[PDB]
């Protein structure tokens, strides 16, 4: 009943897992006064003393960790990265400051794509939401141009061959016309690169606009400005946890 040291320290807000591995590898991290090595595990208990460069780090048990969730209306022009080699804007730039924890992005969006991005302090929740084993729904509003008929919708639902293998939309619903364009709401239960655009392209349809409008049981909040965040309340956080079989928080 233990965890890799870098998992614990990342949860505590002291860097990413792999960043922390570098610090461990450099002999800078100790447990109970003894230098830790890469791969070491610890069991968080009240008296455990983990230090980085001699400085004590306050840590928490995994199951008792802070589980906050934000809904963010990700705007075009921001990257889903914590460290862009080129220094371009990121989705983390305006999120509220946290100590003793950090925001984890639940998946990524393309820079030029708008829509809902969840963040959470709880990396178990994050992975359970992202990993396709639990088949969490991602819903997009898609504006397309091209011939579409029920046969095409059938093909997209039953599986088409993409460059990186078979893929299918889980649901597809016509949501309205506009000009020489139609809107559809579609869902996927995985998240391959540009998958929504590439599915439509595979059946000869081009995508002019693409907005992520729901992740799991959390819709893009009504009235949330583009580029704005809002924090989910306890009930909503618990609903999201329950979706991926995590127990509810009481706080």
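Positions refer to the first chain, counted from 1.
Novice: On average, which has the higher Cα B-factor in the deposited entry, 127-135 or 171-179?
Specialist: Per the PDB entry, the higher value belongs to 171-179.
Novice: Quick one: higher average CA temperature factor, 1-9 or 241-249?
Specialist: Looking at the record's C-alpha B-factors, the answer is 241-249.
Novice: Determine which member of 55, 37, 214, 222 has the highest CA B-factor, using the values in the deposited entry.
Specialist: Within the set 55, 37, 214, 222, 222 shows the top C-alpha B-factor.
Novice: Specify which of 119, 92, 73, 145 carries the largest Cα B factor in the deposited PDB entry.
Specialist: The record points to 145.
Novice: Taking the chain's C-alpha temperature factors as the reference, tell me which third residue 189 falls into: lowest, middle or highest.
Specialist: Its C-alpha B-factor, which the entry lists for residue 189, ranks in the middle third among residues of this chain.
Novice: Determine, from the deposited record, the chain-internal third of the Cα B-factor for residue 107: lowest, middle or highest.
Specialist: It belongs to the lowest third of the chain when residues are ordered by C-alpha B-factor.
Novice: Taking the entry's C-alpha B-factors for this chain, is residue 141 in the lowest, middle or highest third?
Specialist: Middle third, going by the recorded CA B-factors of the chain.
Novice: Taking the chain's C-alpha temperature factors as the reference, tell me which third residue 113 falls into: lowest, middle or highest.
Specialist: Ranked within chain, residue 113 CA B lands in the highest tercile.
Novice: Hey, what third does residue 82 fall into on Cα B-factor, ranked over its chain?
Specialist: Lowest third.
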